[PDB]
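Below you'll find the structure, written out as structure tokens, and then a few comments.
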Amino acid sequence: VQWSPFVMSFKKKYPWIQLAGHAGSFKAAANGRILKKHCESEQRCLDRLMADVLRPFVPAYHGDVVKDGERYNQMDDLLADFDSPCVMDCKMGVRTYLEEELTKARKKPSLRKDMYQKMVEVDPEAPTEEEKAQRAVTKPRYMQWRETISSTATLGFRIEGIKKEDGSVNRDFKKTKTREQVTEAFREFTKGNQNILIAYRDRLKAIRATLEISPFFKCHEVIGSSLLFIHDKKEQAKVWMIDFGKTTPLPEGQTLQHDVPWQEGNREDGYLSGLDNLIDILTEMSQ
Amino acid sequence: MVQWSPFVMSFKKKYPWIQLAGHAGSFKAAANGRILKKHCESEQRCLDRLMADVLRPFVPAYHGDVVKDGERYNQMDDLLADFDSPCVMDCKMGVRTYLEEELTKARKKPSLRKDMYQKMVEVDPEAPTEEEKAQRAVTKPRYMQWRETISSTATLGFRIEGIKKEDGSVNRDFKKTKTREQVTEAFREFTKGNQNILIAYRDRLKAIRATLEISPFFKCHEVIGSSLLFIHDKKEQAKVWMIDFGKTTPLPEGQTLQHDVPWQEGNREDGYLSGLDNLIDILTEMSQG
Ligand SMILES: Nc1ncnc2c1ncn2[C@@H]1O[C@H](COP(=O)(O)OP(=O)(O)OP(=O)(O)O)[C@@H](O)[C@H]1O
Ligand SMILES: Nc1ncnc2c1ncn2[C@@H]1O[C@H](COP(=O)(O)OP(=O)(O)OP(=O)(O)O)[C@@H](O)[C@H]1O
Ligand SMILES: [Mg+2]
Ligand SMILES: [Mg+2]
Ligand SMILES: [Mg+2]
Ligand SMILES: [Mg+2]
């Protein structure tokens with residue numbers, strides 16, 4: 001040392017931000033790490049992905065752990081290098097349920113009352129005539145219908161939640177469906193900050209380029225996963241792929257396209273269709 | 001609100017501490033953004049008094065003393081704690097860096113000093129009298145006083161002791177840094193000409209001035225050897241604190257100093273405010289252009 005006789009260390013704190021998920025799914029950990037409640041198919045995905053070209057676009061995974069009588073997966077906190085970050089969560093795919101979940105619910109189709117009540121609540125004209133005469137509905141047709149009230153079926157993604165600069169959270173995007181509404185949310189999220197737009201736009205392009213190469217990707221049905229956008233007042237802006245609770249490997253030597261329409265049986269998820277429109281919306285906003 | 005944050009996350013902030021002046025082993029790491037400085041009796045006496053004075057908010061918080069590993073320390077805040085990659089400058093304040101008692105003492109056995117002559121002739125071959133040249137010796141007296149002259153101490157009432165810049169480079173050769181031009185130059189580089197950083201520095205200096213004018217501690221202390229420590233970062237957080245009271249001593253009771261007046265043997269005046277006014281002119285002049 002010409003000038004430094006010792007190193008200094010002390011702790012600082014920042015509030016973690018949880019948009020989607022339930023109370024209890026997450027806990028704080030040391031060294032920028034986070035504990036998400038353990039889920040086997042998520043752990044499989046995170047192991048395969050640590051080794052895949054997509055690695056730079058997902059939080060670093062560090063294995064399962066046992067804390068206070070429960071199992072967790074340990075990963076990085078993507079909030080760590082940000083300061084007072086804003087955050088947006090977008091669920092990816094033209095669909096948010098696995099084919100095996102539809103199959104399974106198609107195997108014993110018990111007529112559902114509340115599912116009818118919720119469906120009329122959101123659109124009184126949604127039910128067919130027979131379904132109207134029944135004041136009830138199938139889990140099947142409902143799972144399928146739910147995807148339609150927001151941008152999921154038309155755009156291949158939907159907004160799960162937004163935490164903004166004033167410190168307010170929005171989570172009610174159940175009827176957020178059009179390009180106009182989405183752009184509008186993206187515009188408020190971002191304060192029209194052009195640098196942040198372009199950054200998000202370029203980050204997404206990189207993710208998309210890699211998804212094309214990615215061995216892991218071509219063989220998973222990537223359902224229930226999200227893009228997590230994080231930006232702060234310093235105009236740092238990144239996007240990551242998170243949430244692999246419902247992403248599952250195809251059988252051996254088999255593959256998905258991810259940009260073609262889902263037909264029941266083909267397991268296609270529309271993930272690239274989702275990502276393509278996201279890329280289009282930001283390009284336009286970023287002009 | 002409880003609407004979005006299930007828990008708090010924590011992280012270690014880690015940074016190399018910066019020592020511009022002082023000797024090796026004068027300082028140690030402590031926890032919680034604190035630092036230990038090797039114990040000094042008049043410094044501790046100063047800090048206690050400053051913890052109970054208006055000047056408190058402009059000096060490192062003092063937390064008392066502590067014995068570790070065979071040594072006594074004064075515990076204090078690390079003024080670097082909440083900056084991001086700090087740049088630091090230490091300016092030693094006053095028209096003199098020796099106390100009056102130090103001089104009186106030296107004037108006592110005022111024997112000849114070969115070494116002091118040799119340092120003087122090294123720094124300036126034209127400083128010694130013909131008598132001193134011929135004797136290859138100076139007194140201590142003469143040497144102590146001449147020493148103040150080679151930098152801006154005797155004329156401007158301060159001198160730069162060190163700078164660590166955004167480069168991660170550290171300068172300490174301000175031995176012949178004398179003129180207002182040289183100083184402006186150093187500040188300009190230290191600051192990279194940043195207007196915002198300059199104005200904050202300037203206004204933080206003016207606030208300091210305004211509190212000294214009302215400080216019962218300040219007005220009855222011979223304030224020697226203390227520094228103004230400038231710290232700023234890339235986020236343009238910029239501050240200045242008074243530091244180092246190892247050689248700051250109380251005047252006799254019921255007795256006072258002006259601090260903006262010239263020094264004369266026996267008047268104990270340190271010229272502290274003169275130095276501070278100059279720092280303010282320089283920093284104001286720079287914050288225009
Ligand atoms: N690694 C991470 N870094 C930072 N924030 C994260 C991370 N993982 C999750 N989050 C935050 O936690 C929330 C929950 O994430 P996630 O979607 O994985 O949970 P979940 O239990 O799988 O919920 P769901 O299955 O309903 O999507 C996200 O919406 C996001 O705000
Ligand atoms: N509280 C503090 N916070 C941050 N830095 C400090 C603090 N105190 C001292 N320093 C740093 O340590 C250096 C030396 O401090 P100081 O002048 O008090 O030491 P010293 O032993 O009294 O030396 P000298 O008597 O030679 O001035 C300063 O140049 C400054 O960089
Ligand atoms: Mg999710
Ligand atoms: Mg999930
Ligand atoms: Mg000092
Ligand atoms: Mg000292």
Side-chain angles (χ1 to χ4, degrees), chain A residues 1-37 67 72 75-89 160-172 232-234, chain B residues 1-38 76-90 161-165 167-173 233-237:
Chain A
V1 18
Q2 286 189 356
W3 60 262
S4 179
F6 45 86
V7 169
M8 289 280 287
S9 207
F10 61 73
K11 311 176 72 40
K12 295 181 74 173
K13 315 166 174 165
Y14 60 83
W16 197 63
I17 308 182
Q18 185 174 350
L19 296 169
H22 301 343
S25 304
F26 280 100
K27 261 92 179 89
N31 326 292
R33 301 177 189 189
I34 243 98
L35 301 175
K36 180 166 167 171
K37 272 174 168 274
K67 211 281 267 291
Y72 297 87
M75 80 204 293
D76 276 11
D77 178 11
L78 303 173
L79 268 24
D81 296 326
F82 286 90
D83 292 309
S84 180
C86 308
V87 198
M88 174 172 72
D89 180 334
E160 284 268 269
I162 291 187
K163 145 90 197 320
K164 260 144 24 183
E165 254 317 309
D166 28 70
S168 76
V169 223
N170 301 320
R171 301 179 164 96
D172 182 20
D232 63 1
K233 254 137 178 216
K234 288 85 183 189
Chain B
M1 298 122 342
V2 203
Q3 222 94 114
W4 54 263
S5 178
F7 50 84
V8 160
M9 277 290 292
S10 87
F11 58 104
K12 317 250 203 179
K13 180 187 181 161
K14 220 170 304 274
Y15 57 95
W17 198 64
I18 306 158
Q19 197 177 323
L20 295 174
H23 304 330
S26 297
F27 291 88
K28 256 63 173 56
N32 293 306
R34 285 137 194 249
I35 231 107
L36 311 166
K37 168 174 183 167
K38 231 151 64 196
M76 102 209 233
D77 268 11
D78 167 28
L79 298 175
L80 267 38
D82 75 69
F83 291 88
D84 281 29
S85 263
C87 301
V88 192
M89 174 177 83
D90 180 317
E161 290 295 332
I163 294 151
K164 136 107 182 189
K165 277 129 27 189
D167 271 356
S169 75
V170 177
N171 312 297
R172 283 172 189 115
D173 193 23
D233 51 24
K234 246 144 197 177
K235 270 89 232 162
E236 294 173 351
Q237 288 157 256

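Sequence lines set the chain letters: A, B, ... in the order given, protein chains first and strands last, and positions in each chain run from 1.
Heavy atoms closer than 4.5 Å to chain B are found in both the backbone and the side chain of A/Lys12. Looking at B/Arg172, the atoms closer than 4.5 Å to chain A (heavy atoms on both sides) all sit in the side chain, from C-beta outward.
Ranked by non-hydrogen atom pairs under 4.5 Å with chain A, the options B/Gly162, B/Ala24, B/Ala81, B/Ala31 are led by B/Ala81.
Contact detail for A/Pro5 and B/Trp17: the closest heavy-atom pair is CG-CE3, 3.5 Å. Pairing each heavy atom of B/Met9 with each of A/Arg33, the nearest pair is CE-O, 3.4 Å. Taking both residues in full, the closest heavy atoms of B/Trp4 and A/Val169 are given as CD1-CG2, 3.2 Å, listed atom of the first, atom of the second, then distance.
Atom NZ of residue B/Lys235 and atom NZ of residue A/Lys234 lie 6.5 Å apart, to the nearest 0.5 angstrom. Interatomic distance, B/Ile35 CD1 to A/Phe6 CZ, rounded to the nearest 0.5 Å: 4.0 Å.
Taking the six-membered ring for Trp, B/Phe11 and A/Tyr14 have ring centres closer than 6.0 Å.
Remark: A/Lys233 NZ is loosely packed, at most 12 non-hydrogen atoms of other residues, nucleotides or ligands lying under 6.0 Å away. In B/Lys12, the NZ atom is not crowded: 12 or fewer heavy atoms of neighbouring residues, nucleotides or ligands sit closer than 6.0 Å. Atom CG of A/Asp81 is surrounded by 12 or fewer heavy atoms from other residues, nucleotides or ligands within 6.0 Å. A 6.0 Å sphere centred on NZ of B/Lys28 holds no more than 12 heavy atoms belonging to other residues, nucleotides or ligands.
Side-chain contact check for B/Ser10 and A/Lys13: no donor-acceptor pair (N or O, by modelled atom type) lies under 3.5 Å.
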